[PDB]
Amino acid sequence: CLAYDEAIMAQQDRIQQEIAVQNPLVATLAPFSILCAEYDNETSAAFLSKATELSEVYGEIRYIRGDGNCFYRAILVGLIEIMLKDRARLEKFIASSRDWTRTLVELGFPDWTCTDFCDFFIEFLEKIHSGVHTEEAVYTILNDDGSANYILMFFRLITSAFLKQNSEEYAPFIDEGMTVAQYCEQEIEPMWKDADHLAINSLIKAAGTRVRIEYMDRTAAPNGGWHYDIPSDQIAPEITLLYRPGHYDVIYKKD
């Protein structure tokens, strides 16, 4: 039955619509108290405890839509936020993105579609650099699905490329019956696919950034909570993310 597979596709689309009405792709900043207000001592004491402790270090959270793309989206928001504060970094990232573009063709990615995503993202960055895009305009672009998802595809693509560059190292870490080639084509390149540690490691290293993940689960933790730095090697992290089971948001230190 294919009314079967088509009916599932239609259902998946309706579920995504349901989430989209409730939450933007990229929220405005909220104070950390809002995260704490999701929890209470009567029904979610462990999560409340984690959130209250994190409030000592973090002042704001930026909610990212849970549409399967949240890790890639949190990272690109993080990167673009650095580039808005650091013009030299922006200029360098433009030159390096042009390198990723030639690197994709060299590795045999589909020619024109992959270059189309690269060019769109590069033009977007060039227009921030030239001042054609204001900060307000940038957040509007990141919330407009068509342009936002074009940009996000660049990040999916470099994630895939880095894995393929390093396939021998990374092959044994895959646990779902796939080669690195198959994993890329099924789990990294398509939209709406969750990121696991393998994909997370790849994106961060491919983008040349440094991330701290605050691991907010229910597990009793040493003072300050569980967290992980990627790469793990004593530079301060450039991006800080909040991980709760199944989802990533972006968070911001008080100082």
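Residue numbers run from 1 along the displayed sequence.
Chemist: Enter the number of deposited residues without atomic coordinates between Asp233 and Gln234, binned as none, 1 to 3, 4 to 9, or 10 or more.
Modeler: According to the record, 1 to 3 deposited residues lack coordinates from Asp233 to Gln234.
Chemist: Which is higher on average in the deposited entry, the C-alpha temperature factors of 63 to 71 or of 43 to 51?
Modeler: Comparing 63 to 71 with 43 to 51, the higher average CA B-factor belongs to 43 to 51.
Chemist: Can you tell me whether 3 to 11 has a higher mean C-alpha B factor than 246 to 254 in this record, or the other way round?
Modeler: Going by the record's values, the stretch with the higher mean is 3 to 11.
Chemist: Based on what the PDB entry reports, which of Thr209, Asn223, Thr28, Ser202 has the top C-alpha B-factor?
Modeler: That would be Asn223.
Chemist: Based on the PDB record, which member of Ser130, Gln182, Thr159, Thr140 exhibits the highest Cα temperature factor?
Modeler: The C-alpha B-factor peaks, among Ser130, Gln182, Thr159, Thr140, at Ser130.
Chemist: Within this chain's modelled residues, let me know which third the CA B factor of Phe154 belongs to: lowest, middle or highest.
Modeler: Tercile = lowest for this residue's CA B-factor.
Chemist: If you rank every modelled residue in this chain by C-alpha B factor, which third holds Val77: lowest, middle or highest?
Modeler: CA B-factor rank for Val77: lowest third.
Chemist: Looking at the C-alpha B-factor of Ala148, is it in the lowest, middle or highest third of its chain?
Modeler: It falls in the bottom third of the chain.
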